[PDB]
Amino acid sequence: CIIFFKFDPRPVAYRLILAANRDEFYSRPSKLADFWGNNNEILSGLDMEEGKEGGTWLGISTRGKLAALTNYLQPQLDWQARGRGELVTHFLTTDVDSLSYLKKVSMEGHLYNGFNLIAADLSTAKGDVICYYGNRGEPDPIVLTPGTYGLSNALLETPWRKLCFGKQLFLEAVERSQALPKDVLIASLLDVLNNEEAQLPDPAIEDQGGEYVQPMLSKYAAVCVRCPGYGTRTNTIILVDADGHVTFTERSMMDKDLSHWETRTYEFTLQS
């Protein structure tokens, strides 16, 4: 997976520009993004793996909650651990602020396989807040300062070459698009997320992934990952403009087919 986001709580301009790839085994059942929840207020794709249905990796609510998760690359997993898909879902469905929520997750981080979690509260009145915690890094969640961040399958801002390369492409796309309609920005960011140029060698990927990543290395080290049976299945763009207007674009691989894709774009305004 790889996520880039620029956030600016005091637009002088977008409050949030987010571009994310979900990398996963192509066999894992998923539902394309649509609204769900008791008031139809949550927008996200959904995991449909048997026994883990309703988890997700990225979502936003019309009340302004946003969260995102990436797995931490490991040579071996604990198959008895709690599933990570509930971490985003539980934030989106409850009324706990991002920092308090991550503090509670941190107390239980040892119950999951490795993960990175971003949780955000978007409030046109109270001021946006974005926090970060991962259970393979420091124990305390942090409150992020405004800026442009990258997150892949190490920790926040770990300088994997694919992260550094993707971040520069992301920033260039934002700059190229500045004086143009939002459709150009979204198009430019979809192009970034489909860049398959591997950034190698990467000793950091090799060290963290051990033997597991060796047969994947030549493809894993790109923004858009194309491995046998595994790779970039979803491209998601989320824009929040200064007025709280949200645009959510999800492009999804269909029928396990690299030539079949479906993209959905939704618009809504953040509610107070």
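Note that residue numbering begins at 1 and tracks the sequence as displayed.
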Per the entry, higher mean C-alpha B factor between 255-263 and 19-27: 255-263
224-232 or 31-39, whichever carries the higher mean Cα B-factor: 31-39
Residue of maximum C-alpha B factor among 141, 75, 114, 159, per deposited coordinates: 75
Highest-ranked of 191, 202, 196, 108 once sorted by CA temperature factor in the record: 108
Cα B factor band for residue 62 (lowest, middle or highest third within the chain): highest
CA B-factor placement of residue 118, once the chain's modelled residues are sorted into thirds: lowest
Chain-wide C-alpha B factor ranking for residue 1, given as lowest, middle or highest third: middle
Third of the chain, ranked by Cα B-factor, where residue 79 sits: highest
For residue 54, the third of its chain into which the C-alpha B factor falls: highest
